[PDB]
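No value in this document is a laboratory result; all are computed from the given coordinates. Ideal geometry is used to build each Cβ from the backbone, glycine not excepted, and the neighbour counts take in all protein chains shown.
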Amino acid sequence: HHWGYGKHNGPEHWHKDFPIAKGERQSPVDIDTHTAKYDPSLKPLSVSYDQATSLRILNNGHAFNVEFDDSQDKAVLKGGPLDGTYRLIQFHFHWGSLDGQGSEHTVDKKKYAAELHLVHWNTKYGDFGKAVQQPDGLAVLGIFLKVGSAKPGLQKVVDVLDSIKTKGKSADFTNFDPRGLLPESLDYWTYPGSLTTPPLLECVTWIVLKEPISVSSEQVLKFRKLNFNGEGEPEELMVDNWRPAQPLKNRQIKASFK
Ligand SMILES: [Co+2]
C-alpha cells in the first residue's frame, strides 16, 4: 500500500513497491567524520539566493514544502562538487517526535532534531521531472537543526503552519528569504545518493553542511503539531518523517574542509 512513516508502511516496507530502496546509492547515510576524505580539489559552494521568489507552502502528507519560482535562474546553487547550475525548487524538513531524533543524515551516529533539505535541479535537463531521471539531476543542500536559541529566519515558516495543518492544504508564501536558514559556515561533506522518499531515485548529489543551525524548542514543537492526515480524518501527528541511514556501499564521502 501507499507509503508513509508508520509501523505498517514505513521505510522498511518501501522496497516492496520501490525496489531501488535496496540500491547501490541510497540516502541518507551516516557521515563517519574520521573516514570522510578532505578533497582540496573541491571548490567553495556558491549559493546565490538574492533573487529567490518563494510562492507557496504546501502540506503534502509527508512534510511541508516551501516552493519557489524555478522558471528562471533566480535561486541557484553552483560550485562545490557540482558541474553547471542547479535551480532551487523547494525546501522542506524532516523532524522527530523528540529532540533526540529527526535528522536523516547522522554524523558519527549523532542524530539531530531535524534536517532541512534545499532541493535544486540541474538546468541542463530543463525541468525537475526530467532531472530526477539522471544521476546528476539534483543537488540537495542538507542542514542540521539542533535545539537551543531560536532561528529568527525560521519564524515566518513556523507561523503559517497552522494554516496548512492537514494533507493537501497550501497557503500563499511569498517574499520568504531562504538565506535566513543558512549557518555561518558553508563547509560541507558531499557524496552521491538518492531521494530519501519514494520513488527513491538515485539522482542526488548530496551536500551536507557541517555547521548546524539552532532553532528553539517552541519552533520545533510547532512542526510537530502538523498532521499526516487529511482534514476530517483521524489525527496522526506529523512526526518522525525521516528515513534512517542506509548502507554506504561503494561510496566515499568527501569533505570540503580539514
Ligand atoms: Co528531504
Notebook entry, point to check: With respect to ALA36, is the statement that it is over 27 Å from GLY153 (Cα atoms), among the small types (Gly, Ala, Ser) and within 16 Å of the ligand (Cβ to nearest atom) true?
Noted result: no
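Looking at this structure, is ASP69 farther than 25 Å from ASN175 by Cβ, of a type in the set (D, E, K, R) and either out of contact with any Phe, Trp or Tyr (no Cβ under 9 Å at 6 or more places or on another chain) or away from the ligand (no atom under 15 Å from the Cβ) (or both)? Break it down into steps so the answer makes sense when it comes.
On the way: farther than 25 Å from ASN175 by Cβ: no; of a type in the set (D, E, K, R): yes; either out of contact with any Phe, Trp or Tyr (no Cβ under 9 Å at 6 or more places or on another chain) or away from the ligand (no atom under 15 Å from the Cβ) (or both): yes.
Judged against the criteria, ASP69 is not a match.
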Next item on the list: For the range 128-145, name all the residues that are away from the ligand (no atom under 16 Å from the Cβ) and either in contact (Cβ under 8 Å) with a residue 24 or more places away in the chain or crowded, with 16+ Cβ neighbours inside 10 Å (or both).
Entry: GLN133, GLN134, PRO135, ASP136
Checklist line | Those residues of the range 2-17 which are within 20 Å of the chain's Cα centre (by Cα) and touching a residue at least 60 places away in the same chain (Cβ under 8 Å), in sequence order | finding: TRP3, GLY4, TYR5, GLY6, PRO11, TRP14
Next item on the list: Considering every residue within the range 146-161, establish whether at least one is more than 16 Å from the ligand (Cβ to nearest atom), in contact with a helix residue (DSSP H, G or I) (Cβ under 8 Å, 6 or more places away or on another chain) and under 18 Å from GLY61 (Cβ atoms).
Entry: yes
Item checked: Residues that are farther than 19 Å from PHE93 by Cβ and either among the basic types (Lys, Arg) or in contact with an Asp or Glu (Cβ under 7 Å, 6 or more places away or on another chain) (or both), drawn from the range 54-74 -> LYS74
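When the residues of the range 51-76 are narrowed to those that are of a type in the set (S, T, N, Q), in contact (Cβ under 8 Å) with a residue 40 or more places away in the chain and farther than 12 Å from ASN241 by Cβ, which ends up surrounded by the fewest Cβ atoms within 10 Å (Cβ to Cβ)? Give the derivation first.
Taking the range 51-76 first, the residues of a type in the set (S, T, N, Q) are 51, 53-54, 59-60, 65, 71-72.
Filter once more, keeping what is in contact (Cβ under 8 Å) with a residue 40 or more places away in the chain: 53-54, 59-60.
Those left that are additionally farther than 12 Å from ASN241 by Cβ: 53-54.
On the way: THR53: 16, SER54: 22.
Looking at the filtered set, the residue picked out is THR53.
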Margin query: Condition first: outside any strand (DSSP E or B), farther than 21 Å from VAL215 by Cα and away from the ligand (no atom under 13 Å from the Cβ). Can you find one or more residues in the range 87-106 that meet it?
Written below: no
Next item on the list: Collect the residues in the range 34-50 that are touching a residue at least 12 places away in the same chain (Cβ under 8 Å), among the polar types (S, T, N, Q) and under 29 Å from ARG87 (Cα atoms), keeping them in residue-number order.
Entry: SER46, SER48
Checklist line | Conditions (1) within 15 Å of the ligand (Cβ to nearest atom); (2) closer than 20 Å to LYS222 by Cα: number failed by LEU200 | finding: (2)
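Considering only the range 164-258, give the strands (runs of 3 or more DSSP E) lying wholly within it that have at least 2 residues that are crowded, with 17+ Cβ neighbours inside 10 Å. Outline the logic, then answer.
Values: elements: 170-172, 188-193, 204-209, 213-215.
Correct list: 188-193, 204-209, 213-215.
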Notebook entry, point to check: When both residues are 6+ apart or on different chains and their Cβ atoms are under 7 Å apart, which pairs have a first residue that lies in the range 193-215 and is more than 17 Å from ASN250 (Cβ to Cβ), and a second that is basic (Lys, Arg) and not in a strand (DSSP E or B)?
Noted result: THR196/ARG243; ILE213/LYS151; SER214/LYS151; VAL215/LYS151
